[PDB]
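One structure is given below, represented as structure tokens, and several questions about it will come after.
A, B, C, D, E, F, G, H and I are the chain letters, set down in written order, and residue numbers restart from 1 in every chain.
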Amino acid sequence: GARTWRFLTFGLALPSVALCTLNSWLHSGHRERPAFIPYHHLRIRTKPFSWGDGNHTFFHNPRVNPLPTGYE
Amino acid sequence: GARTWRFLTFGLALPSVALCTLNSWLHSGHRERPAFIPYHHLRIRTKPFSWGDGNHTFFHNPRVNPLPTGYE
Amino acid sequence: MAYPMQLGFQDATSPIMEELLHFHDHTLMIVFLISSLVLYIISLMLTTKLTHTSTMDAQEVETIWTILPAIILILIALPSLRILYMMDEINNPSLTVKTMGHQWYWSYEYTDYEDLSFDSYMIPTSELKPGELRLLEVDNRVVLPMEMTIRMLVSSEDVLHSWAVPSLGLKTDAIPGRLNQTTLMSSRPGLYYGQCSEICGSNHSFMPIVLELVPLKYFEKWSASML
Amino acid sequence: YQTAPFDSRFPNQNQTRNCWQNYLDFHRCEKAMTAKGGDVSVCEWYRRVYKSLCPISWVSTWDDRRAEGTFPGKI
Amino acid sequence: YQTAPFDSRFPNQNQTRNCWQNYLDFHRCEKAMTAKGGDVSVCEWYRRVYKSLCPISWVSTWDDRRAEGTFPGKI
Amino acid sequence: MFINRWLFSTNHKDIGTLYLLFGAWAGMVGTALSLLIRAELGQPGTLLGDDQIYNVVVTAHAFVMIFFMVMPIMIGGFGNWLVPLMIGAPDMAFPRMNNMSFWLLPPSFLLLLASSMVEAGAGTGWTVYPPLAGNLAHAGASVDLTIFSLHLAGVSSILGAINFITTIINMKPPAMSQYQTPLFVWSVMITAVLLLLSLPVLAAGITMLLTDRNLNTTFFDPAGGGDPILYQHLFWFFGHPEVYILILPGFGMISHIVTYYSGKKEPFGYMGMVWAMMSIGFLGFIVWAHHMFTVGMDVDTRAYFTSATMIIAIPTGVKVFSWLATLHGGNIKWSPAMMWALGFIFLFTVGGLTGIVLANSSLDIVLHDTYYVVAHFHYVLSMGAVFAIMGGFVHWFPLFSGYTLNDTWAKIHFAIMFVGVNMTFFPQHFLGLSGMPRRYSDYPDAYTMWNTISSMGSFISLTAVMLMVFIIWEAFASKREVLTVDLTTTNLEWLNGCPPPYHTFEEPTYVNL
Amino acid sequence: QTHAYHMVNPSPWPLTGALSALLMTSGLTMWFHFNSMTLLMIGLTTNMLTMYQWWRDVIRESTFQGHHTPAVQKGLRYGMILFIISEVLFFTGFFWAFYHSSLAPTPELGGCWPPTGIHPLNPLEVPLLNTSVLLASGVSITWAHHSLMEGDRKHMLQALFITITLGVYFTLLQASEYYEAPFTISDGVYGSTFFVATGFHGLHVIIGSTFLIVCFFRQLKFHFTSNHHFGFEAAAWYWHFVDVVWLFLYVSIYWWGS
Amino acid sequence: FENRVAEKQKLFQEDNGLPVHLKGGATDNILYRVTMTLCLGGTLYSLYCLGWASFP
Amino acid sequence: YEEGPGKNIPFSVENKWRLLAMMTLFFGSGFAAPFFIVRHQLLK
């Protein structure tokens, strides 16, 4: 019935989301970025991207996404 | 309906069994047994078995199952 | 190489191509017979004024129609798979040669002992020497010893190609980043031709393969000369 | 030594990993022998096998990347 | 050399595989060096690490099994 | 009123007519491309002087014949016309979505013809394998326009498959079980299931190719850890089902045609025919790697794909023998449609048998990427599909139009087409066995005689195509209106007259239990 | 008619949909190759207009005109199941690409998975939270379904609102994840498989959320009866499909592939 | 909110001969004309773009 | 809508010669198109 599924929603499901939210928020600190190495299997550029200067990924994050030549 | 499940029985399921029977039949016949090596992790004897001489497994096959001291 | 008005396979140069010829002869006899039976039965069904238009029971005849084809397919598959497993069987090669496909020519590497490598380009029709074959000759042939098991490794430095020599039973795709292996054994000396067999762009028709099979002593003299 | 023998580790048509493994083995052994000032002749089997099997362009690219510090295999 | 350093391959409480891996590495290196009549001194790091970490009875049992032909690891 | 009827249709018959017109037009394009192929090969040397253009022509020939001629005619045309009539349904389940399956095809075709007009075209083969189809070896828009053409064609066919499966399951008379539906309806349902499962996998693969070309993905690029062979698996996982998609509605039409012109009330062995089509459909998903026997896969994988592929001959043979057993004891009417169907049975059998030769991986090493393969599929697919289409077209033209064809002209057309396709394709077996590669603009001199003959055959088929257009004109020009046809008791699609009214089965059939 | 099926009024939306497809595809071509977004923005606009008017008309035909008899509803059930099946097979292709690449990592990667130089996300942090979010939304949508069947307007709206809120939370968490990820779509086959498979999933979450929002507004306007609410059923089936694809992504790409 | 479904039923069942896509009134006509104008105009623009792209 | 032979089609069959012109333009345009595309590519 509806009463049973509401009971599961508030008694199990949303508590689970609250506990996973607490777990995530406790581990949300910025990690120390690894040394840049210009590996040839990464930062692939076979054609410029169709936006910006052609060399930045769509959700480029300067802090953690180096360009082919390194961190900005 | 019953007609559809009979169709699946005779038209798909039993033909599959016949094909797998053919496959097994063709790959039957004895393979050459490997050199005996008295590995300590195999032919475990911590207590005698409760049948025979205590040193033969329940479905012992002399052709392919060596004893702790080797093939019979 | 093929000759004018040819109907069947190029004459076998290797034991595995011989096997394929015998296996094709067996299989083609079945193809002919089944094709002929179907045509004959069409003609039989169409050549009588006698009629039977009421419902016919199908059960009995469908046993014949499934069992007999199953037996025929087993009789094709058994020899087919015997040859498949022969063409995979562990051989001890005495020589490894690499070929790399390019747009549009082959390169060859003999690196067992010396770093020997060279490029192999089609001879343009305007440059053929009298009696030479249009679209088939190259400048640098693949010199190899006859009557010896050879390991060929095939790759590409650009797009897909495919390294083929019909009279030896050979066709191995040339894929960048992949090293594909095949075995080559010629029963005879001579020149053996093939052609690129994966579409690789505008000059796919124009990057042939020419093997030059010679006795071991002459292969060694050729290798020694290349220093 | 004539050519690389059959290796039961790499029994199929795709020999890519056979070339890669012998290249790694040669360079791991060479590093091990150099680091104690030991003898690279100990590494000779791997050198002959990778030289036999590996395309020149693969060897040359891998050598370049080792010198650049961008070789992605562990040596 | 004081003792075996921290090894990021084996960061947890169970150090069984650390002992096992260094015992294998020592015996592989020793076989590679003795076959050419090269020098077992290049194997010394693995020797010190397995001797530091491995229980005497494990080493003793593994040595006995190598002599018997019943060692189940690849050397 | 004209825009409402023909652009805004929700009518299965009018949408079927749109598909037949579209397909016939596409067939002219495909045929023109095929004649350009055979003109390049019809003497040694170069005709076009541009092998990239030759490769574009070969690529476009295949896409047009498969996606714009066969599938629109068989599924969109005969399927939309006949399926609702054969089950007494008032229309398709989703009559408005049906119209979008149609209207996606002109844009799809426009993208293909844009691919060929920009840059140097997509000279890839219809397989579109990377890296040749990648952004280095095929820089610029042509391959992306080809990918987008295939996305639109794929959406059209997926939505069409949803419509046909829903219609066939949900819209029969309540007394009519699945085992009381005609074989053509079975053939369309099975075809639709294959489309629903196979096209999304093609869509995934060509989307990966799009992203490798434009978003710096490396699914198929070894520099990034990708693999060109992954593309081949995704393509062929679709492509083997696709070849059964192309023939299954043809098998359904052949069953109807053979039954009708044998004077029978029913095909021989109905449940065996259903079993065989479902068996072919199922086995069609487990055989794809027989397109990849030379790429370097493991021996045991080759052994499995050889063995699985050969199994398809068993249910296929049940259908062939069942067609023969339907002729058996018939009062045979030697109509032009019957001639098309008898040509089908024989030519399909020849092509199926050369498929069994190719299934043997060992022999396929020597036959792969040769004219043997081209010969195989022009028998089973090109002749099989086209002969089933022409048989269905001359059989059902009077239903769709209300007018009769000239039977003598239709027999002349058959005779010309039979000679032309056999003269074109039979010699390609010799070219394949003797080692001529496919996808070549020119050939070593030894191959001249059989290429010359093949190219002469191609012109005979062109004469047949031109005559077909005249024959359709002559029927519409003369206006011989149908009165009666025989065997309506076992051919429900005829029982509302010729042509049937815009709305049929407003009052459904009465069928009791 | 004396059958129960729906003869649909002649409609322009098939043609506008087909032309929207031409404009979106020609538009993507003109964006990737001819440095211009014009055709693409016309195509997206006409696509949204087409989907709005087409599904508006289905609501008019059913809620307002009474054309969805049980036979018609049965057909729509089959249609939605078959559509979901096609979408499963589309995802199967992306899983096949992932397993192909990760089970046989090539020398360019370092011959290992994850590749050399890839630092995967911790699957116990936001990916686990996303898992709890979509699983929770599968429970709340089931509560909504039962509330509607039991005739409870208020609890149906509360349960559906919670379901939508969880879908939005997933979408904002994934957007945040994408921005914080130290690898990109250009980071070889790891980035390719990650972003294309999770990106098509994220698109399906946005589609599913949008479908639930349409159901929320139709419920506010009393369109659904306790017995007749196929749009809600179809949106729930689609939502469960989105959940299940996530669980396979989580186990395959985030956990096993880390 | 109040249940106004009966009022919409009456509107959409009015015997005025309008197809369902225009039966809501003048706003339906405006939205149809905007949609069809963008589709047809867009298609003509796509053909112009084809003409441009077909030449160097 | 108009029903019956010649009335269930998007083209007129009222005049067989106008019909011949329309069928000529229809099938001819399709057959011609690949020749003119080949010409267009060659003239690049």
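One rule holds for everything that comes next: a contact is a pair of C-beta atoms (placed from the backbone, for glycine too) under 8 Å apart; a residue touches a chain by one contact, two chains touch by 3 or more.
S.K.: Moving step by step between touching chains, how few steps can get you from chain C to chain H?
M.R.: The distance in steps between these two chains is 2.
S.K.: Within the chain touch network, how many edges lie on the shortest path between chain D and chain H?
M.R.: The fewest touching-chain steps linking chain D to chain H number 2.
S.K.: Could you pull out the chain whose C-alpha mean position is farthest off from that of chain E?
M.R.: I
S.K.: Quick check: more C-beta contact pairs in C-D or F-H?
M.R.: Output for the comparison: C-D.
S.K.: Would you kindly tell me how far, in whole Å, the mean C-alpha position of chain I lies from that of chain H?
M.R.: 30
S.K.: Could you grab the centroid distance between chain D and chain I? Build each centroid from C-alpha atoms only and quote it in angstrom.
M.R.: From the centre of chain D to the centre of chain I is 66 Å.
S.K.: Go ahead and note the Å separation of the Cα centroids belonging to chain C and chain G.
M.R.: Their C-alpha centroids are separated by 48 Å.
S.K.: Where in chain D do residues touch at least two different other chains?
M.R.: Expected reply: 12-14, 16, 72.
S.K.: Any chance you could list the residues of chain A touching two or more other chains?
M.R.: In chain A, residues 37, 39-42, 44-45, 50 touch at least two other chains, as defined above.
S.K.: Identify all positions of chain C at which a residue touches two or more other chains, and write them in rising order.
M.R.: Touching at least two other chains: 172, 177-178, 180-181.
S.K.: Show which residues of chain F lie in contact with chain I when the two form their complex.
M.R.: Its residues touching chain I are 1-2, 5-6, 13-14, 17-18, 21, 24-29, 31-33, 36, 48-50, 53, 56-57, 60, 113, 116-117, 120-121, 400-403, 469, 472-473, 476-477, 479, 481-482, 498-499, 501-502.
S.K.: Hey, which residues of chain C end up touching chain F in the complex?
M.R.: Result: residues 1-10, 17, 19-20, 23-24, 27-28, 31, 34-35, 38-39, 41-42, 45-46, 50-53, 55-56, 58, 61-62, 65-66, 69-70, 73, 76-77, 80-81, 83-85, 87-88, 103, 133-136, 158-160, 162, 164, 166, 169-173, 175-178, 180-181, 194-206 of chain C touch chain F.
S.K.: Flag every residue of chain H that touches chain F in the complex, lowest number first.
M.R.: The touching residues are 50, 53-54.
S.K.: Could you pull out which chain F residues touch chain A in their complex?
M.R.: Interface residues on chain F, with respect to chain A: 134-136, 212-218, 221, 223-225.
S.K.: Please give the residue numbers of chain G that touch chain A in the complex, ascending.
M.R.: 31-32, 35, 108-109, 115-119, 122, 124-126, 128-129, 131-133, 135-136, 139-140, 142-143, 145-147, 149-150, 152, 155, 159, 162, 166, 178-188, 191
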